[PDB]
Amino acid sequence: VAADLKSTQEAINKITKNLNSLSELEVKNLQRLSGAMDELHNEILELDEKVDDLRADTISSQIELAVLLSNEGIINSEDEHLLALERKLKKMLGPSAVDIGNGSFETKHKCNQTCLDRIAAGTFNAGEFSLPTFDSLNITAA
């Protein structure tokens, strides 16, 4: 038995439409994954900045304690070791602008809001992904 023309035509039309449908749904899945990837990326950059600023915090304050100690004038025997330590600390300062040691001073800061908002308590969409399955058309004989 032969196959009806129109029938077969509509069948193949349905398969092509199924293919395009699956294709566009697939690009949507890719774009969702992509969005999540970008989120991860932002969280990482912000965490890095957080680490920089912690470096600046702790090293800055250690420097201030060292300077204060010099100024008091009670480090006599170990004064050279103190100077050297101050040198090391300045050498360990965060990758940013920071004011002189002598006395007190501010330091680096580069990460706000999402820095503390992206990673700390941030709802992360999991991975429920689906794609359609399709039925075949019954091509009827002419």
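One-based numbering along the sequence shown.
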Can you let me know which of the two, 114-122 or 14-22, has the higher average C-alpha B-factor in the entry? 114-122
I need to verify one thing: averaged over C-alpha atoms only, is the B-factor higher for 41-49 or for 59-67? 41-49
Among 81, 109, 91, 28, single out the one with the highest C-alpha B factor in the record, please. 109
Residue with maximal Cα B-factor (values as given in the PDB entry) among 75, 97, 33, 85: 97
